[PDB]
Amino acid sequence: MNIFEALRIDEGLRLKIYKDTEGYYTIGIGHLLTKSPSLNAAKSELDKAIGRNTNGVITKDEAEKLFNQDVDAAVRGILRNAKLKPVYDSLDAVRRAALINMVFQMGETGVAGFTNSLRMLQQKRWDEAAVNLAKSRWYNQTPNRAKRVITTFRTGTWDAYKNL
């Protein structure tokens, strides 16, 4: 199990524009196109991101290319953020993947607002961080996914993702 396989489980794969859990236009493996309500705006962002006139449908190879770019961007965003980088440097490799998962979903700014949970993680107070992480909009809106991520932080294993 690694971050690419975990995210593919948590986000799925769709080759035509769809709306994500918040109603935003999305394609591929969790690639957010726009927060605007205009499907025409969304198709134009897709054409810009892929480099051709798509009409709303991409290939699998195109979706994997977007996914590689987005996982790379999430890692580089953590390592440039002054609240996230010391947490990331303190964790083992499995818990680092859990942090990249959150950043992929919510963005670097949103994860950096979990001030109290990040402090617990840095202190390795796993059970107390798990409770604090669940007191969040993220957990109430996507509880099955948030539970898998929170279990990964609690245990340091990939158990929440095997059997899927």
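Numbers for residues come from their place in the sequence shown, where the first is 1.
110-118 and 47-55 differ in mean CA B-factor, and the higher of the two is recorded for 47-55.
In this entry, 30-38 has the higher mean Cα B-factor, the comparison being between 98-106 and 30-38. Looking at the C-alpha B-factors along this chain, the one for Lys19 belongs to the middle third. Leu13 sits in the highest third of its chain by CA B factor, as recorded in the PDB entry. In the deposited entry, the Cα temperature factor of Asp61 places it in the highest third of its chain's modelled residues. In the deposited entry, the Cα temperature factor of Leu79 sits in the top third of values across the chain's modelled residues. When all modelled residues of the chain are sorted by CA temperature factor, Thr155 is found within the highest third.
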